[PDB]
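Peer 1: Take this structure first; my questions come after.
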Protein chains: 2
Amino acid sequence: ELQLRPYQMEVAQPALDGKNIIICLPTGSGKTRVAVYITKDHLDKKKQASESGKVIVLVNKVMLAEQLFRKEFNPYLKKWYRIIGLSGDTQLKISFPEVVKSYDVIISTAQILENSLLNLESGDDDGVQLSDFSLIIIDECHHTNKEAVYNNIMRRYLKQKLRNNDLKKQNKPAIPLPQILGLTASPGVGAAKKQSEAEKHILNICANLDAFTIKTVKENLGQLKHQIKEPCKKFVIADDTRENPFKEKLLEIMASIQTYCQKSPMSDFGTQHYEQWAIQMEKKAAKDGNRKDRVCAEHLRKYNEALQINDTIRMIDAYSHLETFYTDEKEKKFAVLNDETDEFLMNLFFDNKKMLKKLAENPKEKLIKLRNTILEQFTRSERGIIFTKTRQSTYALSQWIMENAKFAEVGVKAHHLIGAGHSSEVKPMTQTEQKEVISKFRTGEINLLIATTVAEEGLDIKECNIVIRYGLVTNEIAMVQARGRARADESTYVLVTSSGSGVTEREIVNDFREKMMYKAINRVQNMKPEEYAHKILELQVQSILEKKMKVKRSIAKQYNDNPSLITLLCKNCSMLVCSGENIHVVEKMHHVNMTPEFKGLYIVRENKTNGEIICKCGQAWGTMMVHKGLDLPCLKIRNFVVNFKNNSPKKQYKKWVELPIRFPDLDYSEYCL
Amino acid sequence: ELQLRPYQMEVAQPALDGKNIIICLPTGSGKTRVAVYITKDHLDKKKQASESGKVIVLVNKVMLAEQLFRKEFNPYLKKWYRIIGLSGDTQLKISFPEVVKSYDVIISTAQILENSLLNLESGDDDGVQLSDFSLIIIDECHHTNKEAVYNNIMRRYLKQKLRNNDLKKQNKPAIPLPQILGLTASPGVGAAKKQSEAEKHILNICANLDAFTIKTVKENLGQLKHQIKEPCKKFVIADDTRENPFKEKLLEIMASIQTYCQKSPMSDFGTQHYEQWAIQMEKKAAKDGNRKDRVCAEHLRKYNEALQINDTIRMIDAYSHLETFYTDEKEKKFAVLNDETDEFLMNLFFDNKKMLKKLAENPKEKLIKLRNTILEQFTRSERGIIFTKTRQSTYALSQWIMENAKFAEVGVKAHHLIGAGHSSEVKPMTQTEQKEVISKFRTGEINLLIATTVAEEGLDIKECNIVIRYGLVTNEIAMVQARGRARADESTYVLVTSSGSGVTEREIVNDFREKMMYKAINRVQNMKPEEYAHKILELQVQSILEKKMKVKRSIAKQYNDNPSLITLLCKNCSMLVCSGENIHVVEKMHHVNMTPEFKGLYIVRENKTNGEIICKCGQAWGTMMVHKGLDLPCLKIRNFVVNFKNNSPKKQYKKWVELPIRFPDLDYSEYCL
RNA sequence: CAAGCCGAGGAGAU
RNA sequence: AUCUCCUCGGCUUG
RNA sequence: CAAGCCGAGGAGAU
RNA sequence: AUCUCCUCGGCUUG
Ligand SMILES: Nc1ncnc2c1ncn2[C@@H]1O[C@H](COP(=O)(O)OP(=O)(O)O)[C@@H](O)[C@H]1O
Ligand SMILES: Nc1ncnc2c1ncn2[C@@H]1O[C@H](COP(=O)(O)OP(=O)(O)O)[C@@H](O)[C@H]1O
Ligand code: ALF
Ligand code: ALF
Ligand SMILES: [Zn+2]
Ligand SMILES: [Zn+2]
C-alpha cells in the first residue's frame with residue numbers, strides 16, 4: 001500500500017543504498033513518508049541480506065514520537081516488522097538496552113538513548129552501543145548545534161568513525177557504524193554575515209551529521225511549487241502615541257520612588273538595560289546588606305514589565321498583575337507581624353489605588369487593529385494561530401477573544417495554549433493537557449489556537465488556514481517553520497508589531513536569511529568531492545577536539561568540594577542563619593536543616609499542598625517537602641547569602657551546584673527517637 | 001516416613017541451625033515439605049535441648065491454612081506433636097493466647113495474631129507476645145510490603161530486635177526473639193527501573209524479614225530444571241475492526257445525550273479519563289445541586305462499560321446489563337410516583353429499544369479465535385484455566401462455553417469461579433462455595449476453571465495442563481505465579497488480548513521483570529557480610545522510623561470530633577434532611593435516624609430480606625437493619641451531601657470515618673414506650 | 001444464605 | 001499526592 | 001494534579 | 001565572556 005511521489009523517490013534514491021545523508025525539503029513534503037519508505041526498504045534489504053536490521057528514530061520533542069508512532073510509521077509498517085514508541089511520558093518498563101534487540105524498530109527521544117550510553121560508560125547498567133543499531137534516523141537535524149543532545153550522540157559516533165579510520169590504516173578489524181539519515185526543512189544559519197560563513201555553518205552541520213550531501217530536489221521542483229502554496233505576506237505596524245495619562249502618572253510615581261531612593265538610572269526607563277541595572281543594584285545591596293534598594297528595584301521591574309506588556313496587552317492585565325503582587329507582599333507582612341520605605345511604597349499604592357483604577361479604566365492601540373484584521377479575515381473566509389512572546393500574553397489574548405462580543409457574533413472558537421515547565425512565575429502546564437488541546441484543534445473543535453514558540457516547532461497540523469504572528473520574531477529557522485506550518489491551500493501570513501521597535505527589520509532579516517539559506521545549499525551541493533571531504537574531516541576533528549578539551553576543562557573546573565567553610569546568612573538581614581555543617585542533603589538533590597535551633601529563627605507560613613518558609617523580614621526561603629513521611633524544611637539558596645570564613649567575600653549564586661563546596665547527607669540515625 | 005530431596009536439604013541446611021532466612025524456590029518445589037521438615041527438626045532439637053518448642057505458621061489466605069493443615073503439615077507431623085489449624089472461618093472458640101501455649105504448633109492467618117497483639121497492647125485481653133513463640137514461619141513473603149499485615153508483625157518484631165540490640169550494649173538481660181523462616185517463589189520488584197533499585201527492593205524485603213540470606217539452589221539447579229517443565233509461551237492478538245454498526249449507533253446516542261447536556265468531554269470516548277471526568281462532574285453537580293449532570297454522566301459511564309466489555313465480551317451481556325439498569329431505574333420512578341431530561345433518556349431508550357435489540361442481534365471478534373484455540377488444543381490433548389479482569393467476564397465466558405455446541409461436542413466440563421466480597425455491583429461469593437469449586441476441580445469433575453486474580457495466588461492444584469490468560473496482566477509477581485501454577489508435564493501458556501492495547505508490552509515487561517528478579521537475587525546473594533548487615537540495619541531503622549511517624553501523623557490527623565456542627569441534605573435535591581444531632585449511632589458502626597419527622601420525608605421501598613429507602617427524587621439512601629428486633633432505618637452517607645453551619649462548604653465523602661465530627665449513640669430510653 | 005462494618009493489596013488515569 | 005477500577009483478610013448483624 | 005532537581009536551546013542588552 | 005528574558009528534554013518526590 002506504500003506510495004511514493006517522483007520528488008520523494010528522487011531525493012531518497014541516494015539513501016536507498018548506503019549514503020548516510022540529510023534531506024532538506026519544505027514542510028508537508030512527505031518527509032515522514034520518505035523516512036518510512038527508506039526504513040521499510042532498508043529492513044527488506046537486511047532480511048534479503050541475512051543481516052540483522054535495526055532502525056532507531058530520534059525526535060527532540062516528546063509529542064512527535066507519538067505522532068510518528070500513530071500516523072506515519074506504525075500504520076504503514078505494522079505488518080512487516082515490529083514497532084514500538086518510546087518517550088519520557090511512556091514508561092519504558094522493560095529496558096532500553098534489550099528493547100533495542102527486541103522489536104527491531106525504535107522511536108525514542110534522543111535523551112533516552114544518550115542516558116543509556118552514559119550509563120554504559122559509567123558501567124552501572126549493561127547499556128547499549130551504536131554498533132547494536134544498523135540505521136539511525138534524526139528529525140529536525142537543525143538542532144544539531146554546539147553541544148546539543150543530537151550533537152553529543154553524533155560526536156560519540158564521529159569519535160567512533162575517527163577510530164575506525166585510524167584502524168583502516170593500522171588494523172583491518174573495525175567496529176561497524178550504522179547508516180545515518182537526517183530529515184529537516186531549514187538547516188539554518190548561525191547568524192553568519194558572509195555567504196562563506198553561511199556555507200561554513202552548513203558544512204559544520206554536515207560534518208556533525210556526516211551527511212556528505214544535502215540532496216535537495218531540483219528536477220521536480222516545479223511539482224513541489226505547484227503542490228505547496230506559500231502564504232501571502234502582510235506587514236502591520238503601530239505607534240504607541242496614546243496611553244499618555246496613566247502612563248505619565250505611573251512614570252510620576254516611578255520618579256517619586258526613584259528620588260526617594262536616589263537611583264541614578266544609568267539607562268532609559270522601559271528597557272532591559274534598566275532591569276539589568278536594577279538587578280546589579282540587587283546584587284550590590286546583597287553585598288552591602290542594606291534595605292531600600294532591592295524592594296524598590298523589584299517594584300520598578302514590575303512596573304516596567306506592566307508597561308512593556310501594555311504596549312502589546314490591555315492595561316487591566318497589568319493592573320491585575322500589580323495588584324496580585326502587592327496583595328502577596330501585604331499577606332507576607334501581615335503573617336510576619338502575627339520600614340518607612342516599604343511603608344512608603346505600600347501606602348503610596350493604597351492611597352492612589354482608587355485613582356489608578358479609575359485612570360486605567362478610562363480610554364487612552366494595536367488591539368483594535370488586530371481585532372479589525374482578525375474579524376475582517378474571518379468574514380472574508382466565512383483555523384487561526386497567534387504567536388506571541390509570553391504565556392500571560394496568550395491568556396490575555398484568549399480573554400480578549402472571549403469577552404469581546406464581536407468574536408461571539410462571528411462565532412470563532414478560541415483557546416489558549418502554552419509550553420510546559422516552570423519559568424519564573426508562569427504556571428507550568430501538563431503534557432497531557434497540551435496533547436488534549438492539540439487533538440481538540442485537529443478535530444476542528446478549536447478554530448483559533450494561541451501558542452508560544454512551542455507550536456513553532458513540530459506540533460504538525462493537517463492544515464492551518466490563518467497564521468498571524470503578534471510581536472514574535474526570534475530567528476530565521478523559527479520564522480520559516482512557522483510560515484510553513486500553515487499548509488493551507490489559501491493561506492494568510494501576517495506580522496503585527498510596533499513601528500518603533502526593530503521587529504520589521506528583523507522580519508526582513510529572516511527573509512534574507514531564508515534566501516541566503518538556499519544561496520548556500522545550492523553552492524555546497526556543487527562542490528569537489530575531494531575538497532568537500534577534506535572540509536568534513538577537518539570539521540569533524542574540530543568538533544571532537546573541542547569536546548575533548550571541554551570535558552577536560554569541566555573536570556578541572558569543579559575540584560574544591562570542601563566539607564564546611566562558610567556561614568549562610570539571610571540576604572535581607574545579615575544575620576547568622578546556618579553554619580557550614582548544620583545543613584544536610586537528601587535524595588542527593590535537596591538541602592535541609594534539621595536542628596530545632598533553626599526552627600526558632602524562621603517562620604512557617606501556608607496560604608493556599610506544601611507550605612513555605614519566610615524570614616523575620618518576610619523574605620521567602622523555601623518549602624516543606626513531604627518525603628518518606630518527613631516534612632523536611634527545604635530552603636532555596638536563591639534567597640540567601642553566603643559569607644566565607646576568610647575575607648568574608650559575600651557571593652550570591654541563585655544555584656547550589658555553582659557552589660563548589662559540598663554538604664553532608666542527612667543521617668537518619670541522627671534524628672533517631 | 002518424612003522424605004527430603006537433595007535440593008531441599010541443600011536449601012534448608014542453613015535454617016536447620018538458627019539462621020532466620022527466606023527460601024525462594026519455584027512453585028511445586030516441595031517448599032511446603034521443606035517447611036514441614038524444618039518444623040519437625042526444630043521441635044526435635046527443642047525437645048533434645050529441654051526447651052519449649054513453639055512454632056507458628058502464617059498464611060495470607062484463609063484457604064491455604066486449611067490446605068497446609070490437611071495435606072502437608074498434619075499428615076506428616078500428626079504423631080510426634082500436637083497440631084491445630086486456625087482461621088477466620090474456623091471458630092477459635094478456646095482463645096488465641098492460650099492455644100499458643102496448648103498445642104505447641106499453630107497454623108493461622110496473620111490477621112488473627114495481629115489482632116491478639118493489638119488487644120494485648122490495649123490491655124483488654126491478656127494477649128500474647130512474640131516471646132511466647134520460638135519459631136515463626138511465613139508463606140508468600142512477597143506480601144511483606146509498605147505496611148502490609150506481615151509487615152506490621154515484622155515491624156513489631158524489628159522494634160523488639162532493635163531494643164534487644166540496644167540492651168546488648170547497655171544491659172545483659174534481653175527479650176528472646178523467635179527464629180524467622182520465610183517461603184516464597186517470587187519476592188518481586190517494586191517497579192524498579194535500575195537494577196540497583198531492584199536489589200534495593202530485595203534488601204528492603206530482607207530487612208523487613210531479617211532474612212540475612214536468600215539461599216537459592218545453585219548446585220542441584222539442573223535437577224530442578226529436569227523436574228519442573230516451564231510452559232510454552234504463546235501470544236495472541238486481535239483488532240476490533242468490526243462491530244461498526246451498533247457501536248456507531250451507540251456513539252450517536254452518546255453524542256445526542258452529550259449535546260443535550262453540553263458536556264465538553266475533556267477526553268476521548270471509551271477511556272478511564274472520560275469516566276474520571278464524569279465523576280468529577282458528579283462532584284460538581286453535588287456542589288451546585290443541579291440535575292441534568294449526574295444521571296447523564298452515570299448513563300455514559302454504563303455505556304462506556306458496555307463498550308469496554310464488548311471489546312472482550314459478547315454484546316448480549318452488555319445489552320442485558322443496560323436493560324437491567326434501566327429496569328431498576330424505571331421501577332424506582334414507578335414506586336416514587338405511587339424531569340424532561342430523565343424522561344428524555346428513558347423515552348429515548350424505550351423508542352430505540354427494539355431497533356437496538358435487533359441491531360445487537362446482527363453479526364458485526366476475539367471470541368471466535370479464543371474458541372478456535374481452546375477447541376484445537378482440547379482435540380490435540382484428547383484441565384484449563386481462564387484469567388480475566390472482572391467477574392461478569394467469567395460468567396459470560398461460562399455462558400459461552402455452555403451454550404456453544406462445539407464445546408458440548410468436545411464434552412469439556414467448565415464452571416465459573418470468582419472472588420468473595422462485595423465490590424460495587426458484583427455479587428459476593430461465599431468461602432464455602434469457593435472451597436467446593438476448588439475441591440470439585442481437584443477431583444477432576446471440572447475440566448475448566450475460570451477465575452479472577454484469586455486463583456493467581458495460592459489455590460494450589462496438583463496439575464493444571466492448560467493455562468490461558470485472557471486480557472489480564474497486572475504485575476510480574478502475578479504473571480510468574482500464574483505461570484508456575486500449571487505444574488503440568490506438558491503445559492501450554494497462552495495470552496490473549498487486543499493488539500491496540502499495551503498488554504503485550506506489559507507481558508514482555510513482566511518477562512524482563514522475572515529476568516531482573518534473578519539478576520538481583522544472584523547479586524545480593526554475593527555480598528560482603530559487613531556491608532550487607534549495615535544495609536539491613538539501615539533499612540530496618542528506616543522502616544521503624546517511618547512507622548513511628550506514620551502513627552504520630554495518624555494521631556494528629558483525626559482530632560476534631562465535634563458533636564453537631566452540620567446539616568445533612570439530599571444530594572439530588574438540596575433539601576434539609578437531618579440536623580447535626582438527630583442522628584444516632586448503633587453497634588458503634590451503623591447510623592440511623594429515629595425521629596418520625598424524618599419518616600415524613602423519605603419513602604420506604606422493597607422489591608425482591610431487608611428493605612431499602614429512597615428519596616422523593618428516587619435517590620437510594622439505605623436499608624432497614626433488623627437488629628435486636630428494631631427495624632432501624634440505616635442510611636449510607638454515600639448517597640447524601642453535607643452542609644457545614646458556617647461558609648456552607650458542600651463536601652461528599654462516600655464514607656463516614658472520613659468525616660471527623662462524631663455522632664451520639666442511640667439511647668434506647670429515648671425510644672421508651 | 002443475606003446484609004452491613006474495618007483495614008489492606010494490586011493495576012490504570014489525573 | 002489525587003481519582004477510577006479490581007483483589008485479600010478481620011469484625012458484626014440477621 | 002502539585003512540587004522539586006539536572007541539562008540543553010533561542011532572543012535581547014552589558 | 002557576562003547579565004536579563006523566553007522555550008525543550010530527562011530525573012525525582014508526593
Ligand atoms: N505518496 C503520496 N501520495 C499522495 N499524497 C501524499 C504522498 N505523500 C505525501 N502526500 C501529501 O503530503 C502531505 C504530507 O504531510 P507530512 O509529511 O505529514 O507533513 P510534515 O512532514 O510537516 O509532518 C499529506 O497531507 C499528503 O496529502
Ligand atoms: N521428598 C519428595 N519425594 C518425592 N517427591 C516430592 C518430594 N517433595 C516434593 N515432591 C514432589 O513435588 C511436589 C510438591 O508440590 P508442592 O510443594 O505441594 O507445591 P506448592 O509448594 O506449590 O504447594 C509434589 O507433587 C511431589 O510429587
Ligand atoms: F515533519 Al513536519 F511539520 F515537517 F512534522
Ligand atoms: F506453596 Al504453593 F503453590 F508454591 F501452594
Ligand atoms: Zn531577614
Ligand atoms: Zn432528593
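Chain labels follow the order of the C-alpha cells: the first chain is A, the next B, and so on; residue numbering restarts at 1 in every chain, and ligands are counted from 1 in their shown order.
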Set the cut-off to 6 Å, count only C-alpha atoms (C1' of nucleotides) and all ligand atoms, and list whatever residues fall near ligand 5 as a PDB file with C-alpha atoms, in the first residue's frame.
Peer 2:
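Saved file pocket38.pdb follows:
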```
ATOM      1  CA  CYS A 570      19.718  35.904  55.324  1.00  0.00           C
ATOM      2  CA  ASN A 572      17.601  40.705  53.523  1.00  0.00           C
ATOM      3  CA  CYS A 573      19.006  40.784  57.080  1.00  0.00           C
ATOM      4  CA  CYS A 615      12.303  35.195  57.330  1.00  0.00           C
ATOM      5  CA  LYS A 616      11.711  37.562  60.217  1.00  0.00           C
ATOM      6  CA  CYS A 617      11.967  40.180  57.449  1.00  0.00           C
TER       7      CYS A 617
END
```
Peer 1: Enumerate, as an MDAnalysis selection string, the complete set of residues in region 51-214 of chain A that a backbone-based DSSP assignment places in strand (DSSP E or B).
Peer 2: chainID A and resid 55:59 84:85 105:109 135:139 179:184
Peer 1: Would you please work out which residue, of A:259, A:95, A:481, A:379, is nearest to ligand 3 when using only C-alpha atoms and all ligand atoms?
Peer 2: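 Using only C-alpha atoms and all ligand atoms, ligand 3 sits closest to A:481.
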Peer 1: Determine, using only C-alpha atoms and all ligand atoms, which residues of chain B have any atom at most 12 Å from an atom of ligand 6, and tabulate each with its shortest atom pair and distance in Å to one decimal place, rows ordered by chain and then rising number, as CSV.
Peer 2:
```
residue,atom,partner,partner_atom_place_in_ligand_line,distance
B:286,CA,ligand 6,1 (Zn),11.5
B:289,CA,ligand 6,1 (Zn),10.0
B:290,CA,ligand 6,1 (Zn),11.0
B:291,CA,ligand 6,1 (Zn),10.4
B:336,CA,ligand 6,1 (Zn),11.1
B:568,CA,ligand 6,1 (Zn),11.8
B:569,CA,ligand 6,1 (Zn),8.3
B:570,CA,ligand 6,1 (Zn),5.0
B:571,CA,ligand 6,1 (Zn),6.5
B:572,CA,ligand 6,1 (Zn),4.6
B:573,CA,ligand 6,1 (Zn),3.8
B:574,CA,ligand 6,1 (Zn),6.9
B:575,CA,ligand 6,1 (Zn),7.0
B:576,CA,ligand 6,1 (Zn),9.8
B:577,CA,ligand 6,1 (Zn),9.0
B:601,CA,ligand 6,1 (Zn),9.5
B:602,CA,ligand 6,1 (Zn),8.8
B:603,CA,ligand 6,1 (Zn),10.7
B:613,CA,ligand 6,1 (Zn),11.7
B:614,CA,ligand 6,1 (Zn),8.4
B:615,CA,ligand 6,1 (Zn),4.9
B:616,CA,ligand 6,1 (Zn),5.3
B:617,CA,ligand 6,1 (Zn),4.3
B:618,CA,ligand 6,1 (Zn),6.8
B:619,CA,ligand 6,1 (Zn),6.2
B:620,CA,ligand 6,1 (Zn),9.3
B:621,CA,ligand 6,1 (Zn),9.8
B:639,CA,ligand 6,1 (Zn),9.9
B:640,CA,ligand 6,1 (Zn),9.1
B:641,CA,ligand 6,1 (Zn),10.5
```
Peer 1: Fewer than 4 positions away in the same chain doesn't count, so skip those; otherwise give me all residues within 12 Å of residue 590 (chain B), counting only C-alpha atoms (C1' of nucleotides), as a ChimeraX atom specification.
Peer 2: /B:583-586,622-627,632-637,655-657,663-666 /C:4-5 /D:12-13
Peer 1: Just to be explicit: take each residue in the selection above, keep C-alpha atoms (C1' of nucleotides), and write the result as a PDB file, in the first residue's frame.
Peer 2:
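Result went into part-v4.pdb, see below:
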```pdb
ATOM      1  CA  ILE B 583     -28.707  11.119  64.012  1.00  0.00           C
ATOM      2  CA  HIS B 584     -27.812   8.256  66.341  1.00  0.00           C
ATOM      3  CA  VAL B 585     -25.186   5.512  66.253  1.00  0.00           C
ATOM      4  CA  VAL B 586     -25.720   1.821  66.993  1.00  0.00           C
ATOM      5  CA  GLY B 622     -30.022   2.836  52.617  1.00  0.00           C
ATOM      6  CA  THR B 623     -31.691  -0.201  54.176  1.00  0.00           C
ATOM      7  CA  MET B 624     -33.787  -1.354  57.144  1.00  0.00           C
ATOM      8  CA  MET B 625     -31.492  -3.259  59.506  1.00  0.00           C
ATOM      9  CA  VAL B 626     -33.319  -5.774  61.715  1.00  0.00           C
ATOM     10  CA  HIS B 627     -31.142  -5.533  64.827  1.00  0.00           C
ATOM     11  CA  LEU B 632     -33.737   0.660  62.255  1.00  0.00           C
ATOM     12  CA  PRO B 633     -33.515   2.743  59.052  1.00  0.00           C
ATOM     13  CA  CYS B 634     -29.807   2.813  58.220  1.00  0.00           C
ATOM     14  CA  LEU B 635     -28.630   5.372  55.666  1.00  0.00           C
ATOM     15  CA  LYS B 636     -25.479   5.283  53.542  1.00  0.00           C
ATOM     16  CA  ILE B 637     -23.624   8.604  53.534  1.00  0.00           C
ATOM     17  CA  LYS B 655     -17.592   7.281  53.852  1.00  0.00           C
ATOM     18  CA  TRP B 656     -18.398   8.037  57.488  1.00  0.00           C
ATOM     19  CA  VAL B 657     -14.966   7.851  59.134  1.00  0.00           C
ATOM     20  CA  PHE B 663     -22.484  11.472  66.241  1.00  0.00           C
ATOM     21  CA  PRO B 664     -24.049  10.272  69.508  1.00  0.00           C
ATOM     22  CA  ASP B 665     -25.111   6.707  70.140  1.00  0.00           C
ATOM     23  CA  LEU B 666     -28.769   5.698  70.283  1.00  0.00           C
TER      24      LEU B 666
ATOM     25  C1'   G C   4     -23.533  -4.329  56.962  1.00  0.00           C
ATOM     26  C1'   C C   5     -18.737  -2.545  59.073  1.00  0.00           C
TER      27        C C   5
ATOM     28  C1'   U D  12     -20.560  -7.575  63.399  1.00  0.00           C
ATOM     29  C1'   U D  13     -25.734  -8.386  62.446  1.00  0.00           C
TER      30        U D  13
END
```
Peer 1: Residues of region 311-556 of chain A in helix (DSSP H, G or I) according to DSSP, as a ChimeraX atom specification?
Peer 2: /A:311-312,315-337,340-361,366-381,391-403,405-410,431-442,453-456,476-485,503-525,529-556
Peer 1: Set the cut-off to 7 Å, count only C-alpha atoms (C1' of nucleotides) and all ligand atoms, and list whatever residues fall near ligand 2 as an MDAnalysis selection string.
Peer 2: chainID B and resid 3:5 27:33 460 462
Peer 1: Using N, CA and C atoms, can you export the residues from the last selection as an mmCIF file, in the first residue's frame?
Peer 2:
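This went into part-v3.cif:
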```
data_model
loop_
_atom_site.group_PDB
_atom_site.id
_atom_site.type_symbol
_atom_site.label_atom_id
_atom_site.label_comp_id
_atom_site.auth_asym_id
_atom_site.auth_seq_id
_atom_site.Cartn_x
_atom_site.Cartn_y
_atom_site.Cartn_z
ATOM 1 N N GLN B 3 10.503 -37.534 53.951
ATOM 2 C CA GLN B 3 11.475 -37.655 52.875
ATOM 3 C C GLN B 3 11.963 -36.275 52.464
ATOM 4 N N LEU B 4 13.203 -36.225 51.979
ATOM 5 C CA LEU B 4 13.810 -34.989 51.509
ATOM 6 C C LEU B 4 14.530 -35.244 50.193
ATOM 7 N N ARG B 5 14.667 -34.184 49.400
ATOM 8 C CA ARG B 5 15.350 -34.240 48.119
ATOM 9 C C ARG B 5 16.600 -33.370 48.157
ATOM 10 N N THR B 27 7.535 -22.719 42.056
ATOM 11 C CA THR B 27 6.340 -23.389 42.545
ATOM 12 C C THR B 27 6.467 -24.900 42.383
ATOM 13 N N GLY B 28 5.787 -25.629 43.262
ATOM 14 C CA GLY B 28 5.830 -27.082 43.209
ATOM 15 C C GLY B 28 7.216 -27.647 43.417
ATOM 16 N N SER B 29 8.014 -27.010 44.275
ATOM 17 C CA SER B 29 9.368 -27.456 44.574
ATOM 18 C C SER B 29 9.472 -28.083 45.960
ATOM 19 N N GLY B 30 8.347 -28.491 46.542
ATOM 20 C CA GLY B 30 8.352 -29.084 47.862
ATOM 21 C C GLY B 30 8.507 -28.102 48.999
ATOM 22 N N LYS B 31 8.357 -26.801 48.735
ATOM 23 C CA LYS B 31 8.549 -25.793 49.774
ATOM 24 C C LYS B 31 7.737 -26.115 51.021
ATOM 25 N N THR B 32 6.498 -26.575 50.840
ATOM 26 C CA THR B 32 5.679 -26.951 51.987
ATOM 27 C C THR B 32 6.333 -28.079 52.775
ATOM 28 N N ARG B 33 6.835 -29.098 52.074
ATOM 29 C CA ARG B 33 7.521 -30.188 52.759
ATOM 30 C C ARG B 33 8.835 -29.724 53.374
ATOM 31 N N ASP B 460 -3.575 -23.906 45.298
ATOM 32 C CA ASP B 460 -2.692 -24.869 44.655
ATOM 33 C C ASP B 460 -3.480 -26.037 44.077
ATOM 34 N N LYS B 462 -2.700 -29.915 41.952
ATOM 35 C CA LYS B 462 -1.640 -30.885 41.694
ATOM 36 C C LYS B 462 -1.093 -30.735 40.278
#
```
Peer 1: Report as a ChimeraX atom specification which protein, DNA and RNA residues come within 12 Å of ligand 1, using only C-alpha atoms (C1' of nucleotides) and all ligand atoms.
Peer 2: /A:1-9,23-37,64-65,67-68,70-73,76,139-140,183-185,224,227-228,456-464,481-489
Peer 1: Expressed in Å to a single decimal, how great is the separation between CA of residue 331 (chain B) and CA of residue 348 (chain B)?
Peer 2: 16.9 Å
Peer 1: Kindly determine which residues of chain A lie within 12 Å of chain C, considering only C-alpha atoms (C1' of nucleotides), and give the answer as a ChimeraX atom specification.
Peer 2: /A:430-433
